[PDB]
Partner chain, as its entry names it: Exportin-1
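Take a look at this single chain in structure tokens; it is the form deposited without the partner chain.
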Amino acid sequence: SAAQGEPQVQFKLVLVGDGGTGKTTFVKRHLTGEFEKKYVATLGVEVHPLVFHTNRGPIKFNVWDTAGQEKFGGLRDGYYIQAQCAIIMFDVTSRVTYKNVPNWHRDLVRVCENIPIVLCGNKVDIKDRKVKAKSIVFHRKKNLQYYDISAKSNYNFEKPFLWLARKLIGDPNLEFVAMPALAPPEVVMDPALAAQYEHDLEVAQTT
């Protein structure tokens, strides 16, 4: 409402995927979320409060980043519980990480039925891409939205969050009116390559 003292609009977002796919690098692009992060000892999670500013006011995604436990097993129920949305990440330079996406999805939806989920293929700044648009099909039968991302270049950073916000708020016309302050790109995502990858996804989607 148009008054001070209102409860903030916030959502628990779980960020899952194989170790080394770039989950932590991704969440850390949002500078204030990194400054304000909190480590929860009982679960071994760092929660990053990521505010985005929409045409309908601020929305916060409390992004749960693992403390690396996915490197030696699955995540505990306490990690997933009460999640309102999720991002499943893989690395487009490592086919195995895409092959493991169905396992992550299974584990997630066992605890969180029917939440909105974005699938992200990270590291698209790397020239030698292994998992290409043609091969990325898992999202279709599971109703996930897919985006290519590059955490190191901020490429497509806001896209998963905008899609999730629209689904969560029930507003297909929601827009982000200003970008959050992001760590500046460490590598430049080549614009021609970005355009080609976007076209490749479009062609794949129409089959």
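Heads up, when I say rigid core I mean the largest set of C-alphas that superpose within 1.5 Å between the two forms. Numbering follows the first chain given and starts at 1.
Once the C-alpha B-factors are averaged per stretch, 52-60 and 160-168 rank with 52-60 first. As recorded in the PDB entry, 127-135 is the stretch of 127-135 and 75-83 with the greater mean C-alpha temperature factor. Looking at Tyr155, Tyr39, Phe35, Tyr146, the one whose CA carries the top B-factor in the deposited record is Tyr39. In this PDB entry, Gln196 carries a Cα temperature factor that places it within the highest third of its chain's modelled residues.
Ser94 sits in the highest third of its chain by CA B factor, as recorded in the PDB entry. Among all modelled residues in this chain, the alpha-carbon of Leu31 has a temperature factor (C-alpha) in the lowest third. The PDB entry assigns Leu15 a C-alpha temperature factor belonging to the lowest third of its chain's modelled residues. For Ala183, the recorded CA temperature factor ranks within the lowest third of the chain's modelled residues.
Another form exists, solved in complex with the partner chain; not displayed. Remarks below refer to it.
Using a 4.5 angstroms threshold between heavy atoms, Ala133 counts as touching the partner chain in the entry with it bound.
In sequence order, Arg110, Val111, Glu113 are the residues of 107-121 having a heavy atom within 4.5 Å of the partner chain in the entry with it bound; the partner itself is omitted from this view. Superposing the two forms on their core leaves just one of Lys28, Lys37, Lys159, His139 with a Cα displacement of at least 2 Å between the shown form and the other one, namely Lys37. Taking the rigid core as fixed, one finds a CA shift for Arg76 of 2 Å or more between the shown form and the other one. Taking 2 Å as the criterion, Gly19 does not count as shifted between the shown form and the other one: its C-alpha moves by less than this amount when the rigid core is aligned.
With the core held fixed, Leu174 shows a CA shift below 2 Å between the shown form and the other one. Here's the thing about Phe26 and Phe35: their CA atoms end up at least 3 Å closer in the entry with it bound than they are in this form. In the entry with it bound, the Cα atoms of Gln69 and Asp18 sit 3 Å or more nearer to each other than they do here.
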